[PDB]
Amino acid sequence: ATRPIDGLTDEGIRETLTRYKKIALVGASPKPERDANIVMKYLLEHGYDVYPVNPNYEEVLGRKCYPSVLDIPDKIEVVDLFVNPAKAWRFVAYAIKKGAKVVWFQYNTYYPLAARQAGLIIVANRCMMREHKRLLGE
């Protein structure tokens, strides 16, 4: 059930994890019950520049939180998605406008209208935290 929906290899995964530091995190939040919370904590803790995106917050984990991706001042490379499958696919389009190189769908977030829209490189049904732990972790 944790089966990769993309067909990249982990040389491919090591690459994005390794060359890209600029991460937009969509669906970010202060709730602990949200998986987005722990993952953001973990990214921030391992050298990534993480900008949270959630219009229901001005701020998250001590970082200015933005209404939209278009809203972020500096460059972004990777868009990390924590929203509903009925919803996530819409961020492909925004990432492309932003000039991003990757869109990452965390678990239960992907819906195939996203292939029809896609740079870019798509990651689907994987965790940025778990892949990091496995590939680069001590």
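Numbers follow the displayed sequence, beginning with 1.
Checklist line | Gap size, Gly119 back to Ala118 (deposited sequence, no coordinates) | finding: The entry has a short gap there, with 1 to 3 residues left out between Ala118 and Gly119.
Margin query: Tell me which stretch, 91-99 or 69-77, has the higher mean Cα B-factor listed in the entry.
Written below: Averaged over C-alpha atoms, the B-factors run higher in 69-77.
Item checked: Higher-B stretch (mean Cα B-factor, as the entry records it), 40-48 or 103-111 -> Mean CA B-factor is higher for 40-48.
Item checked: Ranked against its chain, the third holding the CA B-factor of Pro55 -> Its C-alpha B-factor belongs to the highest third of this chain's values.
Check: Looking at the C-alpha B-factor of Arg3, is it in the lowest, middle or highest third of its chain?
Finding: Highest third, going by the recorded CA B-factors of the chain.
Note to self: Could you place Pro32 in the lowest, middle or highest third of its chain by Cα temperature factor, using the values in the record?
What the structure shows: Within its chain, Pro32 is a highest-third residue by C-alpha B-factor, going by the deposited values.
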